[PDB]
*Asks:* 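Below you will find the structure I want to go over with you.
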Amino acid sequence: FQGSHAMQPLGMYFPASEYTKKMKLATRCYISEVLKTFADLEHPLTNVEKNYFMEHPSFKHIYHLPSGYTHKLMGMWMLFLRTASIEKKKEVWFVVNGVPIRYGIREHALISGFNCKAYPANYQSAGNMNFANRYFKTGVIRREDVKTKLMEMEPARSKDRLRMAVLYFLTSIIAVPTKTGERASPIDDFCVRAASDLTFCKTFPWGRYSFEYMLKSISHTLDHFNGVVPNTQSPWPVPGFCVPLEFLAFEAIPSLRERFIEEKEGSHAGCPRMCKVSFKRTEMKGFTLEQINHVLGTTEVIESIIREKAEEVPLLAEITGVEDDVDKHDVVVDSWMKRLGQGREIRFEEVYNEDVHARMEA
DNA sequence: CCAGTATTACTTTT
DNA sequence: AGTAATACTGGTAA
Ligand SMILES: [Zn+2]
């Protein structure tokens with residue numbers, strides 16, 4: 001008995017005829033802008049203002065990222081094309097060369113290092129609207145409005161700028177509007193109220209928040225394409241902190257890691273994964289989907305759940321709950337978890353030959 | 001030319 | 001409020 005049996009997915013969002021279809025994808029995660037805005041303030045940030053972000057239990061890892069961070073998304077898109085239809089709602093799975101790969105809060109935490117513990121009690125009530133009423137008249141608050149105030153505010157004993165800085169940070173990196181311009185969508189109301197309490201903001205599980213936000217963009221994306229990738233130059237926006245999604249395929253799949261990833265010199269070993277690796281420079285601003293598909297090749301070495309190294313065990317003990325949470329009943333995902341739980345790997349070989357045929361031959 | 005990014009215009013919902 | 005079209009960036013390769 002070589003293990004409990006793992007069932008094929010009920011369905012897939014995309015047929016394998018779409019695996020070669022390239023798309024432009026629009027991020028909404030302005031890591032580079034925020035840092036430039038912060039560094040170019042006419043009245044600079046004080047030590048306490050600076051160290052608030054550079055020693056933040058979650059956001060200090062934003063500073064371990066490479067300078068001028070630019071997102072690379074065809075790994076994420078390759079994953080998206082392989083999203084399985086499942087019952088669970090708090091985790092996503094992608095079937096690559098017939099191997100299911102999980103994107104859950106544990107994986108969002110191992111790559112980003114953000115706090116992914118349970119929300120504090122009655123966390124929505126946190127804050128008040130007093131801080132924002134002191135700077136923003138009645139109406140919509142757009143992201144450009146928060147940035148503008150920050151660059152103009154005068155530094156002073158009230159740490160109100162830091163609150164504006166934090167609000168700018170949250171709504172530009174964690175929970176980010178899609179629409180821009182004169183009619184940009186209003187920024188997340190929770191972040192507006194949460195930014196009034198700097199203590200609360202230093203400890204909140206912003207990873208869970210970022211993660212739950214990513215889950216909505218994933219669902220919206222899959223809803224939008226309805227199984228067909230069009231032929232358009234018009235980019236599709238996927239807002240939120242997508243760095244974990246950008247790296248998942250590379251952490252899971254050694255063939256991609258060997259061609260497109262390099263270790264980051266002098267990184268600390270207790271940091272999450274995004275601090276300790278970097279994308280290789282390529283011919284383009286990001287990898288082409290063809291490059292990903294070609295390097296996938298015929299590889300069978302793929303991790304379903306990406307295993308932590310020993311140096312990463314204290315990290316996860318600190319940023320993840322031991323509270324595996326409650327989700328909808330999933331006979332298929334349960335049968336995967338049961339087989340992986342016993343040390344056995346999963347591989348639907350018809351799906352593997354389909355993937356190989358759709359990329360390498362057709 | 002390209003993928004990532006920023007911006008403006010047109011469509012759908014309400 | 002949502003999506004599509006357009007244009008800009010900083011490269012590479014022809
Ligand atoms: Zn780090």
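Note: hydrogens, waters and symmetry copies are ignored here, and every other heavy atom, side chains too, is used. Below, chains carry the letters A, B, ... as their sequence lines are ordered, and counting in each starts from 1.
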*Asks:* When the ring centroid of A:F204 is compared with that of A:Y123, is the distance short of 6.0 Å?
*Replies:*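 Ring centroids of A:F204 and A:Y123 are less than 6.0 Å from each other.
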*Asks:* When you get a sec, tell me which of C:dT3, C:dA13, B:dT5 is the closest nucleotide to the side chain of A:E283?
*Replies:*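 Taking heavy atoms from C-beta onward, the closest nucleotide is C:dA13.
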*Asks:* Round to a whole Å and report the spacing from NZ of A:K36 to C1' of B:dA6.
*Replies:*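 Whole-Å distance recorded here is 14 Å.
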*Asks:* Looking at B:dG4, does its base get a donor-acceptor pair with the side chain of A:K24 below 3.5 Å?
*Replies:*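 Looking at the base of B:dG4, it does pair with a donor or acceptor on the side chain of A:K24 (distance under 3.5 Å).
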*Asks:* In this structure, how many angstroms lie between the P atom of B:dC2 and the CE atom of A:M23, rounded?
*Replies:*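 For the pair A:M23 CE and B:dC2 P, the rounded distance is 15 Å.
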*Asks:* Would you indicate, from the sign of the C1'-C2'-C3'-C4' dihedral, whether B:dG4 has a north or a south sugar?
*Replies:*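 With a negative torsion about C1'-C2'-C3'-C4', the sugar belongs to the south class.
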*Asks:* Roughly, in whole Å, what's the span from CD in A:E33 to P in B:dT5?
*Replies:*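 Result: 12 Å.
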*Asks:* Mapping A:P235 and A:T282 to their closest nucleotides on DNA chain C, which lands nearer the 5' end?
*Replies:*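 So the residue in question is A:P235.
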*Asks:* Could you tell me which non-hydrogen atom of A:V166 sits nearest to which non-hydrogen atom of A:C201, and how far apart they are?
*Replies:*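 Closest approach of A:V166 to A:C201, heavy atoms only: CG1-SG, 4.0 Å.
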*Asks:* Where the side chain of A:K179 is concerned, which of C:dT12, B:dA3, C:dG2 is the nearest nucleotide?
*Replies:*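 So the nucleotide nearest the side chain must be C:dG2.
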*Asks:* Let me know which of A:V243, A:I62, A:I105, A:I319 forms a side chain to side chain contact (heavy atoms under 4.5 Å, CB included) with A:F114.
*Replies:*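 Looking at A:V243, A:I62, A:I105, A:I319, the match for A:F114 under the side chain to side chain contact (heavy atoms under 4.5 Å, CB included) is A:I62.
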*Asks:* How long is the line joining CZ of A:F260 and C1' of B:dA3, in whole Å?
*Replies:*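 Computing the A:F260:CZ to B:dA3:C1' distance gives 14 Å.
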*Asks:* Could A:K90 and A:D325 be called an ion pair, given the rule that one side-chain N must be under 4.0 Å from one carboxylate O?
*Replies:*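 Between A:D325 and A:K90 there is no salt bridge, as every charged N stays at least 4.0 Å from the carboxylate O atoms.
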*Asks:* Using heavy atoms to find the nearest nucleotide of DNA chain B for A:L289 and A:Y30 separately, return the residue whose nucleotide is more 5′.
*Replies:*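 The answer here is A:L289.
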*Asks:* To the nearest angstrom, how far is A:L25 atom CG from C:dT3 atom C1'?
*Replies:*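 Those two atoms, CG and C1', are 15 Å apart.
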*Asks:* Can you tell me the base-pairing partner of C:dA14? Count Watson-Crick or G-U wobble geometry only, both distances below 3.5 Å, and say none if there is no partner.
*Replies:*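 Pair assignment: C:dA14 / none.
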*Asks:* Please state how far atom CD in A:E290 lies from atom P in B:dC1, giving the value in whole angstrom units.
*Replies:*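 Distance, rounded to whole Å: 16 Å.
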*Asks:* Heavy atoms only, 4.0 Å cut-off, all strands: where does A:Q233 land among base, sugar-phosphate and nothing?
*Replies:*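 Touches a base.
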*Asks:* With a non-hydrogen cut-off below 4.0 angstrom, is A:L73 in contact with a base, only sugar-phosphate, or nothing?
*Replies:*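 Counting heavy atoms under 4.0 Å across all strands, the contact made by A:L73 is with sugar-phosphate only.
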*Asks:* Find the distance A:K72:NZ to C:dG10:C1' and express it as a whole number of Å.
*Replies:*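 In whole Å, C:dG10 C1' lies 13 Å from A:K72 NZ.
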*Asks:* Step by step, would you call A:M337 with A:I305 a side-chain contact (heavy atoms from CB on, under 4.5 Å)?
*Replies:* CA-CA 10 Å; A:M337 280 333 263; A:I305 306 174; 3.6 Å; yes
*Asks:* Is A:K285 side chain donor-acceptor paired with the C:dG10 base, going by distance under 3.5 Å alone?
*Replies:*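 Checked by distance alone, the answer is no.
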*Asks:* Does B:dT11 have a Watson-Crick or wobble partner in any strand here, with both distances under 3.5 angstrom, and which is it?
*Replies:*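 When the pairing criteria are applied, C:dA1 turns out to be the nucleotide that pairs with B:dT11.
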*Asks:* Does the side chain of A:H220 get closer than 4.0 angstrom to OP1 or OP2 of C:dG2 through an N or O atom?
*Replies:*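 For C:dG2, neither OP1 nor OP2 has a side-chain N or O of A:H220 closer than 4.0 Å.
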*Asks:* Whether A:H224 contacts C:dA4 is assessed here as follows: a side-chain N or O lying under 4.0 Å from the phosphate OP1 or OP2. Is that the case?
*Replies:*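 Yes, such a contact exists.
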*Asks:* Within the 4.0 Å heavy-atom criterion, would you say A:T70 contacts the bases, only the backbone, or no part of the nucleic acid?
*Replies:*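 Sugar-phosphate, no base atom in range.
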*Asks:* Looking at A:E265 and A:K276, does any basic side-chain N land under 4.0 Å from a carboxylate oxygen?
*Replies:*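 Here A:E265 does not pair with A:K276 in a salt bridge, since their nearest N and O are not under 4.0 Å apart.
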*Asks:* Could you check whether A:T27 gets within reach of a base, just the sugar-phosphate, or nothing at all, counting any heavy atom under 4.0 Å?
*Replies:*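 Result for A:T27 = sugar-phosphate.
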*Asks:* Among C:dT3, B:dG4, B:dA3, which nucleotide has an atom closest to any side-chain atom of A:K22?
*Replies:*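 So the nucleotide nearest the side chain must be B:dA3.
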*Asks:* For A:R28 and B:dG4, give me the distance from atom CZ to atom P, rounded to whole Å.
*Replies:*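 Taking atom P of B:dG4 as the reference, CZ of A:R28 is at 14 Å.
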